[PDB]
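>>> so I've got this experimental structure, pasted below with the sequence.
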Amino acid sequence: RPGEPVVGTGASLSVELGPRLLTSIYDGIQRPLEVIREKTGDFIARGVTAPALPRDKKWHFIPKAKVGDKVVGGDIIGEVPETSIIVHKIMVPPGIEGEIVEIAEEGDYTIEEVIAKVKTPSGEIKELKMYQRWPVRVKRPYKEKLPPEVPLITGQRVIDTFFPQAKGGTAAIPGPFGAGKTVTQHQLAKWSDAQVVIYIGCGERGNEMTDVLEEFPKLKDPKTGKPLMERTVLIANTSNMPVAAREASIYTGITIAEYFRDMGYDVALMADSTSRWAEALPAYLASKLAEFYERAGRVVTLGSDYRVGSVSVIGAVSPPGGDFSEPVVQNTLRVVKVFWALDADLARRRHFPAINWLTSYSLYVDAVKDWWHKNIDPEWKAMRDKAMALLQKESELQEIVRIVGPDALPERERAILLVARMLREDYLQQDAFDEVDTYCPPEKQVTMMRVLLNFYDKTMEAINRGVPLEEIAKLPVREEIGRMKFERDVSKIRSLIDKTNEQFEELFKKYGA
């Protein structure tokens, strides 16, 4: 990328945006694999480079606008089928508006070709290609940042239910590298309802780059059968790369996320490069994490059609050995709205995903409940809250029992522990390796939860009738409850409610009431 030595604020550090970015692997900056990296500074940056998009590749343009049409920035003037998954939407660059005096015909083109001309109100004729440039450090503009509402549906029960992410929200995952972060990040990347993923996947393990070039091209997008790379764009930070570029990769990544957002996609920006992101010569250097995160959001995009896209941020905080106290841990956890706390004791106990349901939190619960209530069910919030109360109850009881023992525990309390344990095992625990349980649709989540909480209501009902707890604990329907996560037919899961009720009736019959 040649550029120019301009005054102001650096060279004018930017990125190219157009067809073929997808399936591609880039560096703090935007050059293909194993390419030298430029220095930084508050004042300026110097870069010796290669090309970011092939000028030599031929793309099938489908125009969507005509000679005579009025346009504004964000308006979509045609389409380019880019991968087998993603249509690339060709948009007037921000700040350009006017009349389309000239537009290409449906045909094949390389990116330097001019596919349209726009006459601005001044009369100035602006020439538009299939790509555009943007300064990575300026947030691409939009009409309006919408308040957090709809959830980013992850298909993971513990997250979607107890610690929800909003489309356009900010989330962090910290804890040990040990058990499960990788598989959990991988589950999020492939299952979350974001059409496009930008992964800043950046050498935290010496063989990570090897795994990236060797494995990533084989991964399938479970929604289509096709490769996950065909909706992904990677941004590597490594130990050989300049402190400079490593710094700037988040911007390059978020800029590219905003660009797919602007077309109306939901996009997930995933950062898993904690350590490589380090600097030498702090408050002065922390509002630089703040504003990066401020760039997350669901927005009504620029353009003449009403159009919504989003960028959801999920940041890894994996500090090596135990850098968990001071850097990226004071400023970052108080800026993110959601935190999924991976916990090595849970992992050792083989509870997966190993997410600690007492130290994680989401501040999007009330923001997303209405979306759940309107479509998934009307009792979604009441039910999570009830299931959490019972988990909080369990945790208190277990502390108490650690001190004084279990033998003087009353039936009611034993019942609470039995049901909480069913919550942990049936719902909290989810099998990423199983062909059904690797994804749990919204409808299935609420039904499994109703089955569980109905069993709780009947348990507490039975006990307050003199049915003993040992009899409840061996209801056959219990063990079907432990398997419901493996059932793909949601209506079979649902039938467990009536089945539970009936077995209880016939425990009421044995005994009294």
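Sure thing, it's come through. Numbering: from 1, shown residues only.
>>> SS state for the closest residue in space to residue 473 that isn't next to it in sequence?
In space, residue 473 comes closest to residue 418 once its chain neighbours are excluded; the distance is 5.9 Å by C-beta to C-beta, 6 or more residues apart in numbering. The C-beta positions use only the backbone N, C-alpha and C, and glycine is treated the same way. Following DSSP: H, G, I helix; E, B strand; the rest coil, the label given to residue 418 is helix.
>>> what sits against residue 418?
459, 469, 472, 473 (C-beta atoms under 8 Å, 6 or more residues apart in numbering).
>>> can you say which of those residues are buried?
Neighbour counting by 16 or more other C-beta atoms under 10 Å classes 459, 469, 472 among these as buried.
>>> domains in the chain, by residue range?
Taking curated CATH domains as the criterion, the chain consists of the domains 1-56+132-362, 57-131, 363-513.
>>> ranking the ones you listed by burial, who's on top?
Counting by mean count of other C-beta atoms under 10 Å, domain 1-56+132-362 has the highest mean neighbour count of these, with a mean of 19.
>>> that one: end-to-end distance?
From its first residue to its last, domain 1-56+132-362 covers 42 Å (C-alpha to C-alpha, to the nearest Å).
>>> give me the distance between it and the centre of its chain.
10 Å (C-alpha atoms, centre = their mean, to the nearest Å).
>>> same question, stretch 384-397
27 Å.
>>> same check on stretch 85-94?
22 Å.
>>> please apply the same query to stretch 405-415.
Between the centre of stretch 405-415 and the centre of its chain there are 41 Å (C-alpha atoms, centre = their mean).
>>> and the contacts of that stretch?
Applying C-beta under 8 Å, 6+ apart, the contact partners of stretch 405-415 are 397, 401, 417, 459, 460, 463, 464, 468, 469, 472.
>>> what of stretch 99-114?
18-20, 53-63, 65-71, 77-78, 115-119, 125, 127-131.
>>> got the end-to-end distance for it?
15 Å.
>>> element containing the spatially most central residue of the chain?
With distances taken as C-alpha atoms, centre = their mean, the residue of the chain nearest its centroid is residue 268 (4.8 Å). Using DSSP states H and E, residue 268 maps to strand 266-271.
>>> how far does the lengthiest helix in the chain sit from the chain's center?
Criterion DSSP state H: the longest helix present in the chain is helix 380-404. Here the centre of helix 380-404 is set off from its chain's centre by 28 Å, with C-alpha atoms, centre = their mean.
>>> which helices and strands sit right next to that helix?
Where contact means 3 or more C-beta pairs under 8 Å, 6 or more residues apart in numbering; DSSP states H and E, helix 380-404 is packed against helix 157-162, helix 365-371, helix 411-422, helix 442-463.
>>> what segments of the stretch 51-200 of the chain are helices?
Secondary structure of the stretch 51-200 of the chain (DSSP state H, counting those that start in this stretch): helices at 157-162, 181-191.
>>> these: which one's closest to residue 427?
Across the helices of the stretch 51-200 of the chain, residue 427 has its closest neighbour in helix 157-162 (5.4 Å, C-beta to C-beta).
>>> list the contacts of the closest one.
By C-beta under 8 Å, 6+ apart, the surrounding residues in contact with helix 157-162 are 151, 153-154, 165, 340, 353, 355, 357, 360, 362, 384, 387-388, 427-428, 430, 440, 442, 445, 448-449.
>>> thanks again, I'm all set now.
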